[PDB]
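Asker: can't give you the sequence, but here's the structure:
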């Protein structure tokens, strides 16, 4: 084959290997971002469930106070 | 100036493979990105709810304060 053809084939083989490496890196990183945000969201869901519990415990305190007033 | 058919067939193949890799990559990134914006959206929701419920809580504390004062005896 001609020398100019071999160089172009070689160059494209490189760019394809380079590109497959870029895909692996960009995917790894976007999964890493994904795991950070889904954990952030889990912590938020937990803050809300803890707040719901504090709220539910005050409902019961309210009841005990009503029992003292309305008894 | 000519090149071989086999060579051209091989350059074109690689050029196609390279553009497809770029395509595959763009659309996997796009699917991540749309799933992340969908998630940052549920986090916006969850936070508005939290603030809403914090308000219920703050109002229960005021009611508790008022019952403690109302029941309070002298001396």
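Answerer: Happy to help now that I have it. Numbering: from 1, shown residues only, chains lettered A, B, ... in the order given.
Asker: any residues of chain A in contact with chain B? List them.
Answerer: Residues of chain A lying close to chain B (Cβ under 8 Å from any Cβ of the partner chain) are A:1-2, A:4-5, A:8-9, A:12-13, A:15-16, A:19-20, A:22-23, A:26-27, A:30-31, A:33-34, A:37-38, A:40-41, A:44-45, A:47-48, A:51-52, A:54-55, A:58-59, A:61-62, A:65-66, A:68-69. Just so you know, the C-beta spots here come from the backbone N, C-alpha and C atoms, and that holds for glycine as well.
Asker: helices or strands up against the helix or strand hosting residue A:14?
Answerer: Secondary structure from DSSP states H and E places residue A:14 in helix A:3-69. Applying 3 or more Cβ pairs under 8 Å, 6 or more residues apart in numbering or on different chains; DSSP states H and E, one finds that helix A:3-69 contacts helix B:5-71.
Asker: follow-up on the earlier one: make a ChimeraX selection of whichever of the residues of chain A next to chain B turn out to be buried.
Answerer: Buried subset of the residues of chain A next to chain B, written as a ChimeraX selection, criterion 16 or more other Cβ atoms under 10 Å in any protein chain shown:
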select /A:5,8,9,12,16,19,23,30,44,48,51,58,65
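Asker: tell me the contacts of residue A:58?
Answerer: The neighbours of residue A:58, taking Cβ atoms under 8 Å, 6 or more residues apart in numbering or on different chains as the test, are B:57, B:60-61, B:64.
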